[PDB]
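Just one chain follows, in the form solved without adenosine monophosphate, and it is written as structure tokens.
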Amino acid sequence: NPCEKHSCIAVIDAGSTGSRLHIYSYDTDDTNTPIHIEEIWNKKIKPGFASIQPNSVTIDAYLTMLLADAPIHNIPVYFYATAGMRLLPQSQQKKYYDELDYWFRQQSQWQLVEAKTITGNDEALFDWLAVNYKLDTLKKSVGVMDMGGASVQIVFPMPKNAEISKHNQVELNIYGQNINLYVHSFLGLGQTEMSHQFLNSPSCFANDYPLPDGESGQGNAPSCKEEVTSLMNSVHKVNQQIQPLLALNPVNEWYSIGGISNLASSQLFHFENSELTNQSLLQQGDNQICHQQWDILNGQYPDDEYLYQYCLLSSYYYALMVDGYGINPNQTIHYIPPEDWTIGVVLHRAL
């Protein structure tokens, strides 16, 4: 048993499509900081915690399902909900947490540290730490983009300044050294939530795709991008808030976690070495989905669940990274598959 020879912790990612429980074993260096972080357990249940009825029966039954069969007991647990939960009013959220609190108090096998909806900024911080641990780069400026179901996050080094809001900035000391980060999160710009604004725009789907209200897809990536861009800059003002900061704090290497990898390593996009550029992404989306005829394209992939959405998503990614953030179309973006960020919680609690 790993946890007889090592420290162990559970982190629950209470995300938008389901909850995923992670259990990690680890050692600690000279400063009681985790090293040799290894995931020893990993179970996901569906749907998201924010999408279940908020009462004792449903919640008790939900947690029981997530946690009954876990191979290690008597370890600290963190339950962290992200953007799906941020969409509910604080008053609705409290109902979920008060029942969850009562469940965890009646059991003797888990030791709950906190159960809460984390802010996207905190989410950003855990993303950055997880990736930098993973790349063995915690001793060049590293940037992280996390593309989620309901929100997206961006994080990268920036010296502290009092002109920029306190919630958008973090300082920490890490394996001996002082790192200041800018954290941002855009609620509503996740792929799932943004997409609900564009389901009727012909330019975002393959030719003759039947759109929800009866019109036909007439796919064109450049055009769909500009539509997505209207939402990013006119509404959320991504460009105005992010671009001038990147202009003063250039990033050396970009890592994207979350949904981009699902698209990138689909049967429909082709990249090598887990790297893309937005130029190639938009061009591939344009030629390989947007200008394809839906009948024929569905004909080759009649059993694939998000193919239909790939003209819009390639267009969205470009809009966000290039028109929002102001990353050069030719700048390499590395990507990690979602199959992670909860490694960031293991790390942050020992600083």
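The numbering used is simple: start at 1 and walk along the sequence shown. Heads up, when I say rigid core I mean the largest set of C-alphas that superpose within 1.5 Å between the two forms.
The same protein has a further form, the form deposited with adenosine monophosphate bound, not shown here; the description that follows concerns it.
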| item | value |
| --- | --- |
| Residue among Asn132, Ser203, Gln191, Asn121 with a heavy atom within 4.5 Å of adenosine monophosphate in the deposited complex | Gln191 |
| Contacting member of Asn262, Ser223, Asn249, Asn233, with respect to adenosine monophosphate in the deposited complex [4.5 Å, heavy atom] | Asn262 |
| Options 283-291, 55-63, 312-320, 25-33; stretch whose heavy atom lies within 4.5 Å of adenosine monophosphate in the deposited complex | 312-320 |
| Contact flag, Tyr306 vs adenosine monophosphate in the deposited complex, heavy atom cut 4.5 Å | yes |
| Heavy atom of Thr17 within 4.5 Å of adenosine monophosphate in the deposited complex | yes |
| Any non-hydrogen atom of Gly217 within 4.5 angstroms of adenosine monophosphate in the deposited complex | no |
| Proximity of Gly143 to adenosine monophosphate in the deposited complex, heavy atoms at 4.5 Å | no |
| Stretch 41-61: residues contacting adenosine monophosphate in the deposited complex, 4.5 Å heavy atom cut-off | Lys44, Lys46 |
| Position that moves between the shown form and the other one after core superposition, taken from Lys160, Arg105, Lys237, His196, with Cα shift of 2 Å or more | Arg105 |
| Shift of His36 between the shown form and the other one at or above 2 Å (CA, core fit) | no |
| Rigid core superposition, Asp27 Cα moves 2 angstroms or more between the shown form and the other one | no |
| Exceeds or equals 2 Å, Cα of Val322 between the shown form and the other one, core fit | no |
